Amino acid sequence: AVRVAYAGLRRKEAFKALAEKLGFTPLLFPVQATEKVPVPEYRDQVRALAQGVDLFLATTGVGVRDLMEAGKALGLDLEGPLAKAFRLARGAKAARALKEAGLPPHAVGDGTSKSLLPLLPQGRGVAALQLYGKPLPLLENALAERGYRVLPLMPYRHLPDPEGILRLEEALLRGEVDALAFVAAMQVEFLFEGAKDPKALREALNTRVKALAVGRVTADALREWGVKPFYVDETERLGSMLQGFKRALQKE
């Protein structure tokens, strides 16, 4: 049976069930560690937001939801100041969470920091930036250039799982795995940044292990590291990505 590894974390259980039903041997090799940040750890930043900001930049849907809950837990009104700020969403997920919160974004990117550059206004003051654990220097440096002071708001953190990355690297180089699926660009970055031998990892994912990407942003992450994904899903259901891959595999 074709061996398909999964680099995701939150849906590993559904991946396994689906892969098994489709005749694949599933292997779960998460590359990230994620945790909710305790509200008091960043109460200082929420309180600043509550003082009012000129711009609010959301990167994820979960981030927007966690932030509004942090406001309720601290007894702070965030809806008022957020309503007056110019609001930007990096992608569709952050945009929908803002819309659900009754604070629809004024502009939305395509899921990447680069798409937000032409949407960042020249202005002045304070720009609250909702993050999720990984640095976003292109965006953070752009906001400074546009003249804003950045107010970081990190409701939860996604971090690499160093041991998990080294275990997945070993598996890939062992010739154990036929394909590896990534569901987020950060998982591609986590693997390549954490690999002991990234060059040998690129060769592996280009010559013997087929890289599968769920979403164009995850696909472009692989391309940025010199790997052309074998299959790129654009629906975001795993059952669809797996079958799409099944078909493409045979079509060789």
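The first residue of the shown sequence is 1; numbering continues from there.
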| item | value |
| --- | --- |
| Between 65-73 and 43-51 (mean CA B-factor, as deposited), the higher | 43-51 |
| Residue stretch of maximal mean CA temperature factor, 142-150 vs 163-171 | 142-150 |
| Chain third (lowest, middle, highest) by recorded CA B-factor, residue given as residue 232 | lowest |
| Residue 122 by Cα B-factor - lowest, middle or highest third of the modelled chain | highest |
| Position of residue 203 among the chain's modelled residues by C-alpha B-factor, lowest, middle or highest third | middle |
| Assigned third (lowest, middle, highest) for the C-alpha B factor of residue 223 | middle |
| Third assignment of residue 248 from its chain's C-alpha B-factors | middle |
